[PDB]
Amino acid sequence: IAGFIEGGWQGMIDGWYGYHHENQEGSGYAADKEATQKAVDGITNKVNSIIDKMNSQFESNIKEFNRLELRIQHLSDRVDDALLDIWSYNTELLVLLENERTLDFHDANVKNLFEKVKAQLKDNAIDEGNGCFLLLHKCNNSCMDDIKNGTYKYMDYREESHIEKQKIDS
């Protein structure tokens, strides 16, 4: 019924981003495969880089028997704390920041869909401002499909639309 502005859709189960359409023949959800797939490639790349790039050195540690030499003890103990502080703090914040970006990425992606559609329709539709478009002409399945394929023709529905505009004005 409403678009991305009011939230996401339980109904759409075949991808991340897509459309909901309304006409005389009926209604239904359809994921935009191309835009979804592109985002998936990218997120996988990000996650894999964060995981695969940690390729760490062969280490080994000592929990000794040792009120014997001390000065080295104390140095080893200070070093373990230092490393601990470094990884804990940095990687906490890393997750916080990377998560922020991921969510922004998805928001940016969805708005792009809306902007791409809007640019095709122009004044043949009315931007309801909730992520939906009210078309000023009748729209069969092939019309809807043309919009989803990015092949909708502005000129071909211009005339039917203009009459409807002036009817609104009267």
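Note that residue numbering follows the sequence shown and begins at 1.
- The PDB entry records a higher mean C-alpha B factor for 158 to 166 than for its counterpart among 158 to 166 and 5 to 13.
- As the entry records it, the average C-alpha temperature factor is higher for 24 to 32, out of 45 to 53 and 24 to 32.
- Per the deposited record, 67 carries the highest C-alpha B-factor of all listed residues (101, 38, 116, 67).
- The PDB entry assigns residue 106 a C-alpha temperature factor belonging to the lowest third of its chain's modelled residues.
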